[PDB]
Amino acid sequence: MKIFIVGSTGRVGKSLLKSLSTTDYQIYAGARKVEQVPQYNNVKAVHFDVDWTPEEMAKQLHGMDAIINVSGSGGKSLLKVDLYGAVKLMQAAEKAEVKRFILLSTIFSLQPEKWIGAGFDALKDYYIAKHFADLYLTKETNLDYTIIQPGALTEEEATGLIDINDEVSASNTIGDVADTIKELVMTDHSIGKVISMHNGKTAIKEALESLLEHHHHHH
């Protein structure tokens, strides 16, 4: 399918482009500076700016089959990028009539009651920004969404092994986060779902398959 990536030139974005480069998808990598997009045979760089309005953004999203948001500001522009930019992209997706939307968020983003201790204290502003964007996606859109909520991101080599939905905050390699997102594209039962993850013991495909047991589709 045709997949549009926002956050293409960030660390997770670059890993995701690498991950998607070996698929049959046509990838459209949004970037403020198109020349900064890493080159792959199935990747086309598209001018895209998080500071744009939803209508400006929507111009680039026509005919896409899915949109993946892996855009962050490294904590340096939380209101503009991680919150407002993310929400404007959701508004843009709806304007462009693109239903499938995958958002990279963070462990416990919708559970402020679990923002406990010095680790969450240090990331409080980040948590607030991500929280409100996730509320918007889950409450104020009609998108076929999936929110993936990893723990701390590491640059260690991908293990291929994760565990999910266990209320655990633990680290995960960026490569495994990217590969999980890649698999979520092909996981229709994850539509309307919020999924937490960390590095663990279960192959990514099998881990996501294990969600079929108790997921219910809302007619």
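Quick note: we count residues from 1 along the sequence shown, nothing fancier.
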10-18 set against 205-213, stretch whose average Cα temperature factor tops the other in the entry: 205-213
114-122 versus 92-100 - greater average Cα B-factor per the deposited record: 114-122
Member of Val168, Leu153, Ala178, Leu61 with the greatest C-alpha B factor (per the PDB record): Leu61
Ranked against its chain, the third holding the CA B-factor of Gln39: highest
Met1 - Cα temperature factor, lowest/middle/highest third of chain: highest
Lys139, C-alpha B-factor rank within chain (lowest, middle or highest third): highest
Chain-wide C-alpha B factor ranking for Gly192, given as lowest, middle or highest third: middle
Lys130 - Cα temperature factor, lowest/middle/highest third of chain: lowest
